[PDB]
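Visitor: My structure is below; once you've seen it, I'll send some questions.
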Amino acid sequence: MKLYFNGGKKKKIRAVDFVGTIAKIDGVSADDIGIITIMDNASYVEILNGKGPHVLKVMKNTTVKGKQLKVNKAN
RNA sequence: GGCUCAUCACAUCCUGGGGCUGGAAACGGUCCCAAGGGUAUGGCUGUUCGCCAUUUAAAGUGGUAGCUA
């Protein structure tokens, strides 16, 4: 599923900061990450293989680029 | 898909005038009175907490949609 993050170019977030921060979770591989779309204040990042909800309910409180952020289903 | 949003918060930094005073000078101190302002733009192998580059007088952290090639 597509996830929203209140982070983007203006918080100096990049596609990698996600890719790196996510893969390092027992249960998730880098192949599970679909398209990532950085924007001004929001990033879209797609999860594959139904591993969406899990990631989501784990990202809720994890330092990405050293800054926990709003995450949840895109919409 | 191009340019245009903030108000705040704790910071932090840049820019005066005037009496007196230190000092051989260069440069300072002190007291009185200020008025404003900056903290930005862009790069980097799609395994994160950075790195780098300019140009800022002054280069940080946090809270939430319009005019047109």
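Just remember, in the structure tokens the first chain shown is A, the second B, etc., residues are 1-based per chain, and ligands are 1-based in the order shown.
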Need to verify the contact set: residue 64 in chain A, 9 Å, only C-alpha atoms (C1' of nucleotides), exclusion of same-chain residues closer than 6 positions in sequence. Can you return it as a PDB file with N, CA and C atoms (P, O5', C5', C4', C3', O3' and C1' of nucleotides), in the first residue's frame?
Guide:
```pdb
ATOM      1  N   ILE A  13      14.830  15.148   3.258  1.00  0.00           N
ATOM      2  CA  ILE A  13      14.628  13.716   3.089  1.00  0.00           C
ATOM      3  C   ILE A  13      14.914  13.331   1.639  1.00  0.00           C
ATOM      4  N   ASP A  17      17.120   7.705   2.476  1.00  0.00           N
ATOM      5  CA  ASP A  17      16.807   7.759   3.902  1.00  0.00           C
ATOM      6  C   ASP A  17      15.651   6.817   4.256  1.00  0.00           C
ATOM      7  N   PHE A  18      14.718   6.655   3.325  1.00  0.00           N
ATOM      8  CA  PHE A  18      13.665   5.672   3.490  1.00  0.00           C
ATOM      9  C   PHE A  18      14.241   4.284   3.275  1.00  0.00           C
ATOM     10  N   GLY A  20      16.999   2.900   3.171  1.00  0.00           N
ATOM     11  CA  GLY A  20      17.899   2.461   4.219  1.00  0.00           C
ATOM     12  C   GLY A  20      17.210   2.211   5.547  1.00  0.00           C
ATOM     13  N   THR A  21      16.357   3.140   5.962  1.00  0.00           N
ATOM     14  CA  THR A  21      15.764   3.060   7.284  1.00  0.00           C
ATOM     15  C   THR A  21      14.745   1.926   7.396  1.00  0.00           C
ATOM     16  N   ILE A  22      14.194   1.507   6.263  1.00  0.00           N
ATOM     17  CA  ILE A  22      13.132   0.506   6.264  1.00  0.00           C
ATOM     18  C   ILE A  22      13.679  -0.909   6.169  1.00  0.00           C
TER      19      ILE A  22
ATOM     20  P     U B  48      22.348   3.401   4.722  1.00  0.00           P
ATOM     21  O5'   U B  48      21.487   4.627   5.291  1.00  0.00           O
ATOM     22  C5'   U B  48      21.164   5.743   4.467  1.00  0.00           C
ATOM     23  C4'   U B  48      20.146   6.638   5.150  1.00  0.00           C
ATOM     24  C3'   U B  48      20.642   7.357   6.394  1.00  0.00           C
ATOM     25  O3'   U B  48      21.316   8.584   6.047  1.00  0.00           O
ATOM     26  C1'   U B  48      18.507   6.373   6.801  1.00  0.00           C
ATOM     27  P     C B  49      22.884   8.787   6.336  1.00  0.00           P
ATOM     28  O5'   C B  49      22.910   9.662   7.666  1.00  0.00           O
ATOM     29  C5'   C B  49      22.225   9.193   8.801  1.00  0.00           C
ATOM     30  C4'   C B  49      21.482  10.348   9.420  1.00  0.00           C
ATOM     31  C3'   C B  49      22.318  11.172  10.380  1.00  0.00           C
ATOM     32  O3'   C B  49      21.726  12.457  10.511  1.00  0.00           O
ATOM     33  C1'   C B  49      20.721   9.944  11.586  1.00  0.00           C
TER      34        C B  49
END
```
Visitor: Need the shell around residue 47 in chain B: protein/DNA/RNA residues with any atom at most 8 Å away, counting only C-alpha atoms (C1' of nucleotides). Skip same-chain ones fewer than 6 positions apart. Format as a list in words?
Guide: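 Within the cut-off, the hits are residues 16, 19, 20, 21, 23, 24 and 30 of chain A.
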Visitor: With only C-alpha atoms (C1' of nucleotides) considered, list every residue of chain B at most 12 Å from chain A, as a PDB file with C-alpha atoms (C1' of nucleotides), in the first residue's frame.
Guide:
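The result, stored in result20.pdb:
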```pdb
ATOM      1  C1'   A B  40      18.922  30.420   2.186  1.00  0.00           C
ATOM      2  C1'   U B  41      19.666  27.731  -3.211  1.00  0.00           C
ATOM      3  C1'   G B  42      21.455  23.498  -5.629  1.00  0.00           C
ATOM      4  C1'   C B  44      25.133  13.658  -4.753  1.00  0.00           C
ATOM      5  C1'   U B  45      23.585   4.547  -6.175  1.00  0.00           C
ATOM      6  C1'   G B  46      16.967   3.856  -4.195  1.00  0.00           C
ATOM      7  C1'   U B  47      20.379   0.280   2.533  1.00  0.00           C
ATOM      8  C1'   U B  48      18.507   6.373   6.801  1.00  0.00           C
ATOM      9  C1'   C B  49      20.721   9.944  11.586  1.00  0.00           C
ATOM     10  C1'   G B  50      25.137  12.851   6.832  1.00  0.00           C
ATOM     11  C1'   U B  61      15.716  22.980  15.477  1.00  0.00           C
ATOM     12  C1'   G B  62      10.601  21.940  16.416  1.00  0.00           C
ATOM     13  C1'   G B  63       4.545  22.407  15.625  1.00  0.00           C
ATOM     14  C1'   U B  64       0.019  22.545  10.207  1.00  0.00           C
TER      15        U B  64
END
```
Visitor: Considering only strand (DSSP E) as DSSP defines it on the backbone, what residues of range 23-68 of chain A qualify? List them as a PyMOL selection string.
Guide: chain A and resi 33-38+43-47
Visitor: List the neighbours of residue 8 in chain A out to 10 Å using only C-alpha atoms (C1' of nucleotides); skip same-chain residues closer than 2 positions along the sequence, and give me the result as a PyMOL selection string.
Guide: chain A and resi 5-6+10-15+37-44
Visitor: Chain A: which residues are helix (DSSP H, G or I) by DSSP, as a PDB file with N, CA and C atoms, in the first residue's frame?
Guide:
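Listed below is the output, states-v4.pdb:
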```pdb
ATOM      1  N   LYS A   9      11.617  16.993   0.546  1.00  0.00           N
ATOM      2  CA  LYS A   9      12.754  17.833   0.199  1.00  0.00           C
ATOM      3  C   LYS A   9      13.055  18.878   1.269  1.00  0.00           C
ATOM      4  N   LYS A  10      12.017  19.517   1.800  1.00  0.00           N
ATOM      5  CA  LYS A  10      12.216  20.647   2.710  1.00  0.00           C
ATOM      6  C   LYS A  10      12.628  20.238   4.123  1.00  0.00           C
ATOM      7  N   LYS A  11      12.584  18.941   4.405  1.00  0.00           N
ATOM      8  CA  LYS A  11      13.205  18.424   5.616  1.00  0.00           C
ATOM      9  C   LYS A  11      14.452  17.643   5.230  1.00  0.00           C
ATOM     10  N   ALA A  15      15.164   9.651  -1.218  1.00  0.00           N
ATOM     11  CA  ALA A  15      14.667   8.292  -1.430  1.00  0.00           C
ATOM     12  C   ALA A  15      15.422   7.285  -0.571  1.00  0.00           C
ATOM     13  N   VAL A  16      16.710   7.536  -0.386  1.00  0.00           N
ATOM     14  CA  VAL A  16      17.579   6.626   0.345  1.00  0.00           C
ATOM     15  C   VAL A  16      17.230   6.551   1.827  1.00  0.00           C
ATOM     16  N   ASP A  17      17.120   7.705   2.476  1.00  0.00           N
ATOM     17  CA  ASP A  17      16.807   7.759   3.902  1.00  0.00           C
ATOM     18  C   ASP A  17      15.651   6.817   4.256  1.00  0.00           C
ATOM     19  N   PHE A  18      14.718   6.655   3.325  1.00  0.00           N
ATOM     20  CA  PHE A  18      13.665   5.672   3.490  1.00  0.00           C
ATOM     21  C   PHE A  18      14.241   4.284   3.275  1.00  0.00           C
ATOM     22  N   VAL A  19      14.592   3.996   2.023  1.00  0.00           N
ATOM     23  CA  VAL A  19      15.134   2.700   1.634  1.00  0.00           C
ATOM     24  C   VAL A  19      16.027   2.115   2.720  1.00  0.00           C
ATOM     25  N   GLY A  20      16.999   2.900   3.171  1.00  0.00           N
ATOM     26  CA  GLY A  20      17.899   2.461   4.219  1.00  0.00           C
ATOM     27  C   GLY A  20      17.210   2.211   5.547  1.00  0.00           C
ATOM     28  N   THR A  21      16.357   3.140   5.962  1.00  0.00           N
ATOM     29  CA  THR A  21      15.764   3.060   7.284  1.00  0.00           C
ATOM     30  C   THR A  21      14.745   1.926   7.396  1.00  0.00           C
ATOM     31  N   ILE A  22      14.194   1.507   6.263  1.00  0.00           N
ATOM     32  CA  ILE A  22      13.132   0.506   6.264  1.00  0.00           C
ATOM     33  C   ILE A  22      13.679  -0.909   6.169  1.00  0.00           C
ATOM     34  N   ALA A  23      14.551  -1.126   5.191  1.00  0.00           N
ATOM     35  CA  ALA A  23      15.157  -2.430   4.976  1.00  0.00           C
ATOM     36  C   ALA A  23      15.688  -3.014   6.280  1.00  0.00           C
ATOM     37  N   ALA A  30      14.573  -4.986   0.978  1.00  0.00           N
ATOM     38  CA  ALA A  30      14.561  -3.821   0.100  1.00  0.00           C
ATOM     39  C   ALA A  30      13.764  -4.036  -1.190  1.00  0.00           C
ATOM     40  N   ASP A  31      13.383  -5.284  -1.456  1.00  0.00           N
ATOM     41  CA  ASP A  31      12.664  -5.620  -2.678  1.00  0.00           C
ATOM     42  C   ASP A  31      11.185  -5.367  -2.488  1.00  0.00           C
ATOM     43  N   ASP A  32      10.808  -5.123  -1.235  1.00  0.00           N
ATOM     44  CA  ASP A  32       9.417  -4.894  -0.848  1.00  0.00           C
ATOM     45  C   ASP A  32       9.003  -3.437  -1.027  1.00  0.00           C
ATOM     46  N   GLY A  52       2.540  -3.922   3.849  1.00  0.00           N
ATOM     47  CA  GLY A  52       2.211  -2.540   4.134  1.00  0.00           C
ATOM     48  C   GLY A  52       1.967  -2.296   5.610  1.00  0.00           C
ATOM     49  N   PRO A  53       0.789  -2.718   6.097  1.00  0.00           N
ATOM     50  CA  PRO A  53       0.318  -2.436   7.456  1.00  0.00           C
ATOM     51  C   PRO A  53       1.400  -2.690   8.477  1.00  0.00           C
ATOM     52  N   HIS A  54       2.122  -3.789   8.321  1.00  0.00           N
ATOM     53  CA  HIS A  54       3.151  -4.075   9.297  1.00  0.00           C
ATOM     54  C   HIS A  54       4.103  -2.891   9.414  1.00  0.00           C
ATOM     55  N   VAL A  55       4.853  -2.633   8.347  1.00  0.00           N
ATOM     56  CA  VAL A  55       5.759  -1.492   8.279  1.00  0.00           C
ATOM     57  C   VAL A  55       5.144  -0.243   8.896  1.00  0.00           C
ATOM     58  N   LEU A  56       3.955   0.112   8.420  1.00  0.00           N
ATOM     59  CA  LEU A  56       3.239   1.275   8.914  1.00  0.00           C
ATOM     60  C   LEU A  56       3.197   1.294  10.439  1.00  0.00           C
ATOM     61  N   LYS A  57       2.746   0.193  11.034  1.00  0.00           N
ATOM     62  CA  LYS A  57       2.622   0.120  12.486  1.00  0.00           C
ATOM     63  C   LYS A  57       3.952  -0.210  13.161  1.00  0.00           C
ATOM     64  N   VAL A  58       5.025   0.394  12.657  1.00  0.00           N
ATOM     65  CA  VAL A  58       6.380   0.158  13.150  1.00  0.00           C
ATOM     66  C   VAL A  58       7.197   1.391  12.835  1.00  0.00           C
ATOM     67  N   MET A  59       6.757   2.091  11.799  1.00  0.00           N
ATOM     68  CA  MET A  59       7.368   3.333  11.376  1.00  0.00           C
ATOM     69  C   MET A  59       6.876   4.458  12.282  1.00  0.00           C
TER      70      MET A  59
END
```
Visitor: In Å, with one decimal, what is the gap from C1' of residue 68 in chain B to CA of residue 7 in chain A?
Guide: 27.5 Å
Visitor: Given the choices B:65, B:20, B:8, B:51, which gets closest to residue 32 in chain B if the distance is worked out from only C-alpha atoms (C1' of nucleotides)?
Guide: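 Nearest candidate to residue 32 in chain B out of B:65, B:20, B:8, B:51: B:20.
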